Structure formats: structure tokens, C-alpha cells
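Colleague: Kindly generate the corresponding structure for this input.
(one chain, ligands or ions: 4)
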Amino acid sequence: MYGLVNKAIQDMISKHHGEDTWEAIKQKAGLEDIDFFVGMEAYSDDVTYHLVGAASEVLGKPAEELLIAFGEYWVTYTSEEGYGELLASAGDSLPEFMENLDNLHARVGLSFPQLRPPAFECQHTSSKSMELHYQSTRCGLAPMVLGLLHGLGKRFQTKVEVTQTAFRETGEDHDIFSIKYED
Ligand code: HEM
Ligand SMILES: [Xe]
Ligand SMILES: [Xe]
Ligand SMILES: [Xe]
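Modeller: Residues are numbered from 1 along each chain as shown. Ligands and ions are numbered 1, 2, ... in the order given. Please see the structure below:
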């Protein structure tokens, strides 16, 4: 993934647990050689997966729990680190934002030519609910989507309940989330 993602992981861990903890995690991920992540540079997905695993071991938390926290953090991180206007242009409510998400990544894909973005499709069930279809070239990131949606809920001051109903992991075609939102 692009270095931006790795910078954000490093940033989250450093802020919450300090530099020493970050250094340990980086060491254990086998990335001692890397002095810093370059934001607009493409890295092997392995770099990100090794960071998550090492963080899980060092911090004593399941990787999935960390993915949730990271998904939430990313919504704030992007708005403060160069993407605030891009986010604002994707709308002012949870449902409109999720509708624009493919188009937002298309725009992101202008500047990050090698992007492999997720694909998100919305089926609205009411004015307070939707089924969200999540398709990816990558495994294991559904928990991050859950945290992202909560991050978006906080962004729009909107209560959200997210329950995963299909798992690309129990053999379903792709992840599907049922979402309830009020405000
Ligand atoms: C301005 C805001 C954002 C920017 C600049 C951005 C950029 C990126 C980048 C660089 C990646 C790495 C993909 C790669 O390197 O191939 C990514 C992946 C991803 N993004 Fe976005 N993103 C933004 C907002 C969001 C939001 C609000 C969501 C909410 C769902 C989201 C969902 C995801 C997911 C789930 C992935 C995992 C990639 C995958 O599934 O394969 N992003 N994004
Ligand atoms: Xe991300
Ligand atoms: Xe990630
Ligand atoms: Xe993480």
C-alpha cells in the first residue's frame, strides 16, 4: 500500500503508546532498515501486514481490534494531513459519503497512480439504513471498514450501528455490512 497508510499506522501507535513502543513494533515487523515511510511511494502490502501483526504481539491486542481503531483514526488522519477538502467534497452525511466513496478513491487515484482502492456499493433500505457491499483485492480488512464507518459517524455527528452479515471469510462472495444511522 502507499506509504501514507504506513505513516498513519506509525503515527497512531506513536501518539497512543510512545516512540519506544513504535520502535519495538517496527523492529519486530522486520523493518529496522526503513528510516521513514515515504507518503506518496508504493510499498509491498506485506509491510502493512507485518506492522499489524507485530503491533498485535507487542501490544497484546488482536489484530482485528487494532484494525477497528485504525479505521477510526484514518478518518481524522486524512482530514488533517492534506485531504480535508477532498473529504468535505464527498458530502455532509453518512449515506451520501458512502455513495461518493468510489468516486473519492477515483480522485485519490489521480495522485496515487498505482492505487488499488476498495469498491463499495450501497443498497439503501430506508432513510435510516443501508446494506453496504465491500469488495477488495485484499484479505482481512473488514474490521478496518467497521472502524472507518464509526469514524465517519463521528465526523457527521451521526449515531451508527454496523453489523457484518456476510463474511468473505466464511465463504461468502464478499463482505456485506448492515448499517443503521440516525440524525
Ligand atoms: C481523503 C480521504 C482518503 C484518502 C486520501 C484515502 C486513500 C487511500 C489509500 C492510499 C489507500 C491504500 C490503497 C493502496 O495503496 O492500494 C486506501 C485504502 C482503503 N480505503 Fe481509502 N482513503 C480515504 C478515505 C477513506 C474512507 C473515508 C474510507 C471509508 C471506508 C476508506 C476506505 C478504504 C479501505 C477499506 C481501504 C483498504 C484497501 C482495500 O480494501 O484493498 N478510505 N485509501
Ligand atoms: Xe486506509
Ligand atoms: Xe491497514
Ligand atoms: Xe494498526
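Colleague: Residue numbers of this protein in contact with ligand 1?
Modeller: Contacts of the chain with ligand 1, taken as CB under 6 Å from any ligand atom, map to 1-2, 4-5, 75, 78, 83, 86-87, 105, 108, 112, 115-118, 136-138, 141, 144-145, 148. The way it works is simple: take the backbone N, C-alpha and C, and place the C-beta from them, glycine included.
Colleague: mind listing the helices for the protein?
Modeller: Using DSSP state H, the helices found in the chain span residues 3-17, 19-28, 45-59, 63-80, 84-89, 94-111, 142-155.
Colleague: any chance of these in a markdown table, with distance to residue 167 and mean neighbour count too?
Modeller: As requested, these are exported to a markdown table (distance: least, CB to CB, whole Å; neighbours: other CB atoms under 10 Å):
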| stretch | distance to residue 167 | mean neighbour count |
| --- | --- | --- |
| helix 3-17 | 23 | 18 |
| helix 19-28 | 28 | 16 |
| helix 45-59 | 19 | 18 |
| helix 63-80 | 12 | 18 |
| helix 84-89 | 28 | 12 |
| helix 94-111 | 20 | 16 |
| helix 142-155 | 7 | 20 |
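Colleague: With distance to residue 163 as extra columns, can I get these in TSV?
Modeller: Listed next are those as TSV, based on distance: least, CB to CB, whole Å:
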stretch	distance to residue 163
helix 3-17	25
helix 19-28	31
helix 45-59	23
helix 63-80	14
helix 84-89	25
helix 94-111	15
helix 142-155	9
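Colleague: Distance to ligand 3 for these - can I get that in JSON lines?
Modeller: Converted to JSON lines, those look like this (distance: least, CB to the nearest ligand atom, whole Å):
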{"stretch": "helix 3-17", "distance to ligand 3": "6"}
{"stretch": "helix 19-28", "distance to ligand 3": "14"}
{"stretch": "helix 45-59", "distance to ligand 3": "5"}
{"stretch": "helix 63-80", "distance to ligand 3": "6"}
{"stretch": "helix 84-89", "distance to ligand 3": "18"}
{"stretch": "helix 94-111", "distance to ligand 3": "15"}
{"stretch": "helix 142-155", "distance to ligand 3": "6"}
